[PDB]
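Consider the single chain below, provided in structure tokens and representing the form deposited in one PDB entry.
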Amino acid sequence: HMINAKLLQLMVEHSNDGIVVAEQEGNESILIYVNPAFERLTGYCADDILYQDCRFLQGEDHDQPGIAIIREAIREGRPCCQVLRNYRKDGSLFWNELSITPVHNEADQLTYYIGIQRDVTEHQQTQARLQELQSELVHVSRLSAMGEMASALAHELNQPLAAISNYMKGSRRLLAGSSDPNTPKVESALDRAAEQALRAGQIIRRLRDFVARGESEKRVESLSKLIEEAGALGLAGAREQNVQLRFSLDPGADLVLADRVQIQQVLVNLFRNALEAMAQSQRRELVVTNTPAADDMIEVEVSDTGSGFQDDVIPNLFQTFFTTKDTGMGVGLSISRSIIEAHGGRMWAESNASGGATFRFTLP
């Protein structure tokens, strides 16, 4: 009615989406029409596949749940939409998003199907890599958090336990020049206490090294790449926070020597920290910049126009547990600085002229 069927067929012939019309023959849903987009998407020529069921796109990959879903939809005559792994003529893998509508033709007294196919490989791939990045971020965050927990405990307890040892040493020195009948019992009690204090030391290290066990290696990685991976994790939601992102990367300074999951976590933490300082900020600008630097290093700058620093907050930032947030562990910057310095770099912070914060670090 509304448009002539020739024109409509022309539109179908030239749609960018795969479009096919199938016909049920017993247990087969045989293709009776395909458009060029479908030939492109699959690599098959229409002259070759007509009057067969398209399941050959599955190749040998028949342990997919969508397949059974589709089969039951087709038995019921209900529509259905499913993603499947299909394989082009040349073998190449693509994820095919299938929308099938059973349609009953009264004249033919037959059941046809109209199917729309979109290649969704890029979405599947990016979503899978984002899942792996999310999982590994969780893993490394947990071990590194317990790992800083241990080091702070060791360094804070190091003084009392040594004091105890020294008081044992001095007491034993005083009692040596004594004949009181009870002193051998005193000396043995003091020895047992010494041993217990050593035991406290030895087992603080035991839990530390169990949580800190298992370390990685440093390889050449592109900062553009690790900045994009870190942004994918840390900066989703900037647009909803109306934060303006600017990545100024120097093409001569892009390749660094680093352990990629740890630098990912340094950048993710810096990005999150910057977003938080912009929670209620009138100006929201985030700048990431790479430049050549002095000691054959390369400097990465992350600047925000956020809450910034009070007069004497700035010199505490990288100290373990120093925090201004109600639920902050104050550990992000401490872990980041220890990681960067172990990688051969330097890290420091300063307030920006816009009232925000600028963090810089260097890597080779």
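The term rigid core refers to the most C-alpha atoms you can superpose between the two forms while keeping them within 1.5 Å. One rule holds for the numbers: they count along the sequence shown, beginning at 1.
S.K.: Mean C-alpha B-factor higher for 279-287, or for 201-209?
M.R.: Here the higher of the two C-alpha B-factor means belongs to 279-287.
S.K.: Can you tell me whether 88-96 has a higher mean C-alpha B factor than 261-269 in this record, or the other way round?
M.R.: So the stretch with the higher mean C-alpha B-factor is 261-269.
S.K.: When the CA B-factors of 177, 181, 251, 77 are compared as recorded in the entry, which is the largest?
M.R.: That would be 251, according to the entry.
S.K.: With respect to C-alpha B-factor, does residue 232 fall in the lowest, middle or highest third of the chain as deposited?
M.R.: It falls in the top third of the chain.
S.K.: Looking at the C-alpha B-factor of residue 360, is it in the lowest, middle or highest third of its chain?
M.R.: It falls in the top third of the chain.
S.K.: Classify residue 141 as lowest, middle or highest third according to the C-alpha B-factor given in the PDB entry, relative to its own chain.
M.R.: Middle third of the chain for residue 141's C-alpha B-factor.
S.K.: Comparing residue 119 with the other modelled residues of its chain, is its CA B-factor in the lowest, middle or highest third?
M.R.: Its C-alpha B-factor, which the entry lists for residue 119, ranks in the lowest third among residues of this chain.
S.K.: Taking the values exactly as deposited, rank residue 56 by C-alpha B-factor within its chain and report the matching third: lowest, middle or highest.
M.R.: Bottom third by C-alpha B-factor.
If you look for the form deposited in another entry, you will not find it shown, but the lines that follow are about it.
S.K.: Compare C-alpha positions between this form and the one not shown after fitting on the rigid core and state which of 185, 219, 213, 75 moves by at least 2 angstroms.
M.R.: Result of the superposition: 185 is the only one at 2 Å or more.
S.K.: Under a superposition restricted to the rigid core, does residue 153 display a Cα displacement of 2 angstroms or more between this form and the one not shown?
M.R.: Not so; residue 153 is displaced by less than 2 Å.
S.K.: With a threshold of 2 Å on the C-alpha, tell me if residue 175 counts as moved between this form and the one not shown once the core is superposed.
M.R.: Yes, residue 175 moves 2 Å or more.
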